[PDB]
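Novice: Here it is, the structure, as C-alpha cells.
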Amino acid sequence: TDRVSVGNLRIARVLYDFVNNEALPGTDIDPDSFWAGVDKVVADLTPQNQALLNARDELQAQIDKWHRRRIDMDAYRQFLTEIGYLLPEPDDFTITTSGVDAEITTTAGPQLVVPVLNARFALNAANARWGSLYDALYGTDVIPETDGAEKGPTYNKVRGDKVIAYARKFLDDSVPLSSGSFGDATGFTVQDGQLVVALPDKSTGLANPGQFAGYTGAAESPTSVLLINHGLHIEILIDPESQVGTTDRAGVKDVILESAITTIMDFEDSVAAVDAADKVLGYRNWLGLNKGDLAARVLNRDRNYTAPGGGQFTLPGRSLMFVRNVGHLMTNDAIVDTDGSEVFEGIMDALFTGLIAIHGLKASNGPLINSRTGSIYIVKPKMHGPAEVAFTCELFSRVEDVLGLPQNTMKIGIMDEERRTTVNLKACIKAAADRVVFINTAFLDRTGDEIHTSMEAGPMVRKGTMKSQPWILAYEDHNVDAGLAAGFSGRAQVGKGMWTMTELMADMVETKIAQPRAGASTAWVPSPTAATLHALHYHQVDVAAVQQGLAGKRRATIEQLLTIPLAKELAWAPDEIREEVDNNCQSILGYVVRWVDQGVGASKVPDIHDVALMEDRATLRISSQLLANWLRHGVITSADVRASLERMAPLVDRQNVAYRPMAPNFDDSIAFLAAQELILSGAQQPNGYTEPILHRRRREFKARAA
Ligand SMILES: [Mg+2]
C-alpha cells in the first residue's frame with residue numbers, strides 16, 4: 001500500500017506529503033527529525049494510552065455487577081472509593097498558567113465552535129469577533145415578525161426601525177448618558193478628548209466617561225464611535241449618507257459588537273473524519289487559519305482607532321482560535337505500525353495540529369497572526385479522570401520536544417463531560433495546573449456518560465427531563481466552584497454548554513443569560529450571529545463580579561453528583577413512551593444520514609417538532625444510549641425500535657440536494673443499518689461512545705463507491 005515507512009510506522013502518503021510540503025516549511029524543524037519524534041512518541045506513549053482505555057472498561061464492568069444486585073447511596077459512594085473511580089480531593093491550590101492571551105485570562109464573552117473541515121464556516125468564525133447588531137436583530141426572530149415587521153424580499157422599514165430602537169435601548173443599558181438616551185441623540189463629538197452627545201435641547205456626556213475608548217474620523221465629527229463595557233467593545237458606525245443613517249436621528253448606520261472573542265476550530269464531534277484523506281482537509285484548513293491566508297474570501301486584519309488621548313492604537317479583528325483534538329479513544333489509519341494496527345488519533349492530533357500551530361505565532365510564514373503571547377490552545381474532549389489528564393500533559397511535553405518549543409507552550413482546555421472527571425475535577429485541574437486555560441460543562445456528553453455508567457441500575461428518565469435532574473444541576477455549579485477555587489479569575493476561562501436551537505434566537509437571548517449569571521466567563525454559540533446576540537449578555541451581566549461573590553462557596557456535594565436519574569418505577573403511558581422512542585429515533589436518523597452518506601458532522605436537523613437543532617456527535621450519544629437503556633430494562637421491545645425507525649425514516653427523507661433516501665429499502669441503506677446498530681449494540685459500546693460504529697459505517701460507504 002501507499003505508505004511512507006519511517007521507523008515502526010507506515011504513514012499514508014497524502015499525510016506524509018502534506019506534513020512535508022506544507023506544514024513543515026516555516027517551522028525551522030528538520031523533516032527526518034520530526035518524523036523520528038512521531039515514531040518515538042507513538043512507541044513510548046501508546047502503552048499508557050492503551051492502559052487508560054482498559055482502565056475505563058474495568059470500572060464500567062465493576063459498576064455493572066454492582067447494579068445487577070444492589071436503593072443505597074452511601075455504599076455506592078464507598079464502593080466507587082474502593083475501585084479507584086472516586087479519588088481523594090487534593091489540598092486547595094492556584095493554577096500557574098503563564099503566557100496567556102487577554103481573550104482567555106480576563107475578557108469574558110461568547111465562544112464559537114466550528115467544524116474545521118468546513119473551510120467556509122471556519123473562515124466566518126474567525127471574522128466573527130466583530131458583527132453587525134443590526135443584521136443580527138433584523139434577520140432572526142429577536143424582533144417579532146408581528147406588526148408589519150415581517151421579513152420580505154425588499155428591506156422592511158418597520159422592522160428596521162424596531163431594530164434601531166432595540167440597539168438604542170442596549171446603548172442606554174450598557175453605556176449610559178448623564179441625562180437622556182441614545183434615542184434622543186442627534187450627533188456625536190469628542191471635545192477635550194471626551195465623548196459628548198447632542199440632544200434636541202441640551203448636550204450630555206458619558207456618565208462613566210471611561211467607557212469611551214476611541215473613534216475614527218474627525219474628533220468634532222467622527223465616522224465611528226468606539227466604546228467599552230465589561231471588557232467587550234462596541235462600535236457605533238456614523239454615516240448619514242447610507243440608506244439607514246439617512247432616516248436615523250444621529251446618522252447611525254449600524255452597531256458593531258465584539259462577538260466571538262475566541263473560536264474553537266474543531267476536529268472532534270462536529271466533523272466527519274474517518275480516514276487519512278479526511279484528516280488532511282482538516283489540517284489544511286487549520287494551516288490556512290495559522291498562516292492567515294485561508295480563502296474562499298479572506299481573513300480580516302486589525303482594526304485601527306484613535307484614542308481620546310489623541311494617539312492611534314489597534315484592536316484584534318480576528319477571533320483568538322482554539323483547536324479541539326479528538327479524545328483518547330479512537331485510532332486513525334492515517335498511520336499504521338508494521339503489524340498493521342491503527343495509531344491513536346489523539347497522539348496524531350497533538351503532533352500534527354501542534355506542528356501546524358507553529359505558524360500561528362509568526363508573520364511571514366504567512367501574513368496574519370493568532371496568539372500574541374506565544375501559546376497553543378488545544379481543547380481535549382472526553383477525558384475520564386485525573387490520570388487521563390496527566391497523560392495528555394505528558395503528551396504535550398513529548399510533542400513539545402519534537403517541535404522544539406519551550407515547555408508549556410501547548411495549553412490545555414479541559415472538558416467536563418465525563419462522570420469520572422466531574423467527581424475528580426479538582427484533581428484533574430491539578431494534573432493540568434501549569435497548562436490549563438479552560439474548563440467547561442458539556443451536558444450532551446456528560447448526559448451520555450451519565451446514562452451509560454448507571455445503565456444497569458434501572459429505567460432512566462426521558463432526555464427532555466435530564467436537563468433539570470439534580471445530578472446535572474449539581475454538576476453545573478460544581479464545575480464553577482472548582483475553577484474559581486483554583487484561581488481561574490483573571491487566569492483561565494470558566495465555560496458552559498451550547499445553544500442548539502439555531503433559529504430560536506429570541507429564546508436564546510431570553511434564556512442564555514443564566515450562564516454568565518452562573519459565573520461563567522464563556523459560553524458556546526453555534527453561529528457568528530448567535531455570538532453577536534449572545535454578546536448582549538456580557539454587557540448586561542458583570543461576570544467578573546459574579547465570579548468574585550461566588551468565591552469560596554461550595555454549592556455541590558458529592559452526594560448530589562452521584563444522584564442517578566432513574567424514573568419512578570413504571571410511571572409513563574404508551575403514548576408518551578412511543579413519543580420518546582420516535583423522537584429519539586428522529587434525532588438519530590436525521591444526523592446519521594448526513595454523517596454516513598455525506599460525511600457531514602454537524603447540521604441543522606429538524607427534530608420531531610420541526611425545531612432546527614444544530615446536532616453534533618454528542619447528541620447521538622444521548623439518544624442512542626437512552627433508547628438502549630429502555631431496551632435493556634424492558635420499557636420497549638426490539639420490534640418497537642424497528643417499527644419506529646421504519647416509521648420515522650421516510651419523514652427524514654422528506655426533511656432533506658443530491659441525497660440518498662433510506663426508505664423503503666431499510667436493509668440496503670448503510671445509514672439505516674448504522675442507525676439501528678447505534679441503538680441495538682448501543683449498550684455494548686465503550687462508555688457509550690458512538691465513534692466506532694460511526695466510523696466503520698462511514699468507511700463502509702466510501703468503499704461502496706468503487
Ligand atoms: Mg462532548
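In the C-alpha cells, the first chain shown is A, the next is B, and so on; residue numbers restart at 1 for each chain, and ligands run from 1 in the order shown.
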Distance table requested - chain A against ligand 1, cut-off 8 Å, only C-alpha atoms and all ligand atoms: one row per qualifying residue with the closest atom pair and its distance in Å to one decimal, ordered by chain and rising residue number, as a tab-separated table.
Specialist:
residue	atom	partner	partner_atom_place_in_ligand_line	distance
A:269	CA	ligand 1	1 (Mg)	6.9
A:381	CA	ligand 1	1 (Mg)	6.3
A:382	CA	ligand 1	1 (Mg)	6.5
A:415	CA	ligand 1	1 (Mg)	7.8
A:417	CA	ligand 1	1 (Mg)	6.0
A:442	CA	ligand 1	1 (Mg)	5.4
A:443	CA	ligand 1	1 (Mg)	7.4
A:444	CA	ligand 1	1 (Mg)	6.1
A:445	CA	ligand 1	1 (Mg)	4.3
A:446	CA	ligand 1	1 (Mg)	7.2
A:617	CA	ligand 1	1 (Mg)	7.8
A:618	CA	ligand 1	1 (Mg)	5.3
Novice: Atoms to include: N, CA, C and O atoms. Write the selected residues as a compact mmCIF listing (two decimals), in the first residue's frame.
Specialist:
# COMPACT_ATOMS: atom_id res chain seq x y z
N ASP A 269 -16.33 16.33 17.55
CA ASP A 269 -17.74 15.95 17.35
C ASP A 269 -18.54 16.70 16.27
O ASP A 269 -19.67 16.32 15.99
N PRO A 381 -11.31 16.75 24.57
CA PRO A 381 -12.61 16.23 24.97
C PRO A 381 -12.53 14.83 25.56
O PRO A 381 -11.55 14.12 25.42
N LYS A 382 -13.60 14.46 26.25
CA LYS A 382 -13.87 13.08 26.62
C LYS A 382 -12.87 12.41 27.57
O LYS A 382 -12.87 11.19 27.70
N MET A 415 -12.21 19.50 29.27
CA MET A 415 -13.65 19.46 29.16
C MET A 415 -14.35 18.53 30.16
O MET A 415 -14.05 17.34 30.26
N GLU A 417 -17.12 16.49 30.76
CA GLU A 417 -18.20 15.85 30.03
C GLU A 417 -18.23 14.35 30.29
O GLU A 417 -18.87 13.60 29.56
N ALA A 442 -20.04 20.14 29.38
CA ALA A 442 -20.64 19.66 28.14
C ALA A 442 -21.73 18.65 28.50
O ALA A 442 -21.49 17.44 28.58
N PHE A 443 -22.93 19.17 28.70
CA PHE A 443 -24.04 18.34 29.14
C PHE A 443 -24.34 17.16 28.21
O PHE A 443 -24.43 16.02 28.68
N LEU A 444 -24.47 17.41 26.91
CA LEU A 444 -24.69 16.33 25.94
C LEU A 444 -23.81 15.08 26.18
O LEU A 444 -24.33 13.98 26.33
N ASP A 445 -22.49 15.26 26.23
CA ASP A 445 -21.63 14.11 26.51
C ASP A 445 -21.75 13.63 27.94
O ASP A 445 -21.87 12.43 28.19
N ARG A 446 -21.73 14.59 28.86
CA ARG A 446 -21.97 14.35 30.29
C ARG A 446 -23.26 13.56 30.55
O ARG A 446 -23.31 12.71 31.44
N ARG A 617 -22.04 15.09 17.27
CA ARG A 617 -21.94 13.64 17.57
C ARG A 617 -22.34 13.27 19.01
O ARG A 617 -22.74 12.14 19.30
N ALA A 618 -22.28 14.25 19.92
CA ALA A 618 -22.68 14.04 21.31
C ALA A 618 -24.19 13.80 21.46
O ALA A 618 -24.61 13.00 22.31
Novice: Can you check which residues of range 309-558 of chain A DSSP gives as strand (DSSP E) on the backbone and send them as a VMD selection string?
Specialist: chain A and resid 312 to 315 320 to 324 331 to 337 342 to 344 376 to 380 410 to 414 436 to 440 493 to 498 522 to 525
Novice: By how many Å are CA of residue 349 in chain A and CA of residue 23 in chain A apart?
Specialist: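 Between CA of residue 349 in chain A and CA of residue 23 in chain A the gap is 13.4 Å.
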Novice: Show me, as a list in words, the residues that have an atom within 10 Å of residue 391 in chain A when counting only C-alpha atoms, minus same-chain residues fewer than 5 positions from it.
Specialist: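 After dropping sequence-adjacent residues, the list is residues 45, 48, 49, 52, 328, 386, 396, 397, 431 and 432 of chain A.
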Novice: Extract, using only C-alpha atoms, all DNA, RNA and protein residues at most 7 Å from residue 268 in chain A, discarding same-chain residues fewer than 5 positions from it, and format them as a VMD selection string.
Specialist: chain A and resid 324 to 326
Novice: Keeping only C-alpha atoms, write the selected residues as a tab-separated table (two decimals), in the first residue's frame.
Specialist:
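Result file follows (selection.tsv):
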chain	number	residue	atom	x	y	z
A	324	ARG	CA	-10.01	20.87	19.61
A	325	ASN	CA	-8.35	17.50	19.16
A	326	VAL	CA	-10.16	14.18	19.49
Novice: What are the closest atom pairs, with distances in Å to one decimal, for each residue of range 343-454 of chain A lying within 12 Å of range 517-538 of chain A, using only C-alpha atoms, rows by chain and rising residue number, as JSON lines?
Specialist:
{"residue": "A:437", "atom": "CA", "partner": "A:522", "partner_atom": "CA", "distance": 11.9}
{"residue": "A:438", "atom": "CA", "partner": "A:522", "partner_atom": "CA", "distance": 9.5}
{"residue": "A:439", "atom": "CA", "partner": "A:522", "partner_atom": "CA", "distance": 9.7}
{"residue": "A:440", "atom": "CA", "partner": "A:523", "partner_atom": "CA", "distance": 8.5}
{"residue": "A:441", "atom": "CA", "partner": "A:523", "partner_atom": "CA", "distance": 9.4}
{"residue": "A:442", "atom": "CA", "partner": "A:524", "partner_atom": "CA", "distance": 9.7}
{"residue": "A:443", "atom": "CA", "partner": "A:524", "partner_atom": "CA", "distance": 11.8}
